[PDB]
């Protein structure tokens, strides 16, 4: 069976609308990729070591894929998924065989589009992945990964990535990032500040996180005023690594505006070990405001990623640990939650906040009204389960009416799967084009406006929001 990957995919069937869409996408398809939020390993580009298997690249590290298979009765051992006891005994060929046999599950899901984009456009496959085709797929991409063109830096250059952001905590060292810039390569690989491990006292890996947060900053992190200094010192070390943004994956969008003493008192109680869910929530809430207060000084762009019920499968958390596809969205609140921070700093020009959600109902109700008013608020793209074609379309249909396009930030891939990056960004460009085309076709915007918009949405608006206009000296110049 052939792999048919149509040049006009994701555009609406209506030929009038499809013709407008294709023209808008034409203006935008070969523009460089700006990836200002993501979870790729910077040690891939630091060492420039090859990837080994198809499984180690596409199957084992991607939770979107092994979720579905786990959901249908397949063990994580059968797919070589990294356990807490280490990498399983399974043959990487046999792990791939199981995936290929279960590839039908992904029909109508965005993984069908992303992987077939990788298969047809990166590897040049001409047949569709099945059980009969499985081994041919395995050894042909294993062989491709051994070649010099499929080295991490070479792929970065081939994919036309202008900016790539990894996410690191304050307790981990930025040694791999230093290696990117002191090598002459010039690929603009940046970091972002995720202090979640030293902010969430209910995190099980928080005691060890605090311990190496002390090493990296050289401060008394168990006393409040030097805990804050430690954040300031580490933030500056991130800005020195090029970072322009901070990221905050809290369970809630809650913020608080405690006095310096009220915060210290709370900090003392939690460090003492008297950790209640109420105190831990309030500290996370106070830290959002505290991080924003530092952003007034150091100029970091603040991303809030709330609403994930992390580690919902308890039995899986014991056996395999974090990020194994069992993080489930919760209903999130913003109007009452963000009010304390917005009372203090909501009209401040020096602050920039980008809001994400796992709860689509808040789009037209809360997010678009808030962001269409507050100078500091901006709207991030549809995230996680919603970075799909239908989720992206719902975003545009529900957000634009009140917020407009200029109160959004564009798109990020938000992935560990490196090869899927051009695939994911392509999908975004086509869906934006489809939305914009429909506005032209229904005479809700002029074509001249639409042609200005995709270039803005794709390229200019991400760059302004993430303060990416100032390229460093160690990076390549920005060219079209």
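Residue numbers count along the first chain shown, from 1.
Relative to its counterpart among 200-208 and 383-391, 200-208 has the higher mean temperature factor, C-alpha atoms as listed in the PDB entry. Of the two segments, 449-457 and 51-59, the one listed with the higher mean B-factor is 51-59 (C-alpha atoms only).
Of the candidates 109, 308, 268, 142, it is 142 whose Cα B-factor is highest according to the PDB record.
Across 194, 84, 250, 396, the entry's maximum B-factor at the CA atom is seen for 84. Per-chain ranking of the deposited C-alpha B factor places residue 7 in the middle third. Residue 292 sits in the lowest third of its chain by CA B factor, as recorded in the PDB entry. Ranked within its chain, residue 464 lands in the highest third, by CA B factor from the PDB record. Among the modelled residues of its chain, residue 369 has a C-alpha B-factor that falls in the lowest third, as given in the PDB entry.
When the modelled residues of the chain are ordered by their C-alpha B factor, residue 43 lands in the highest third.
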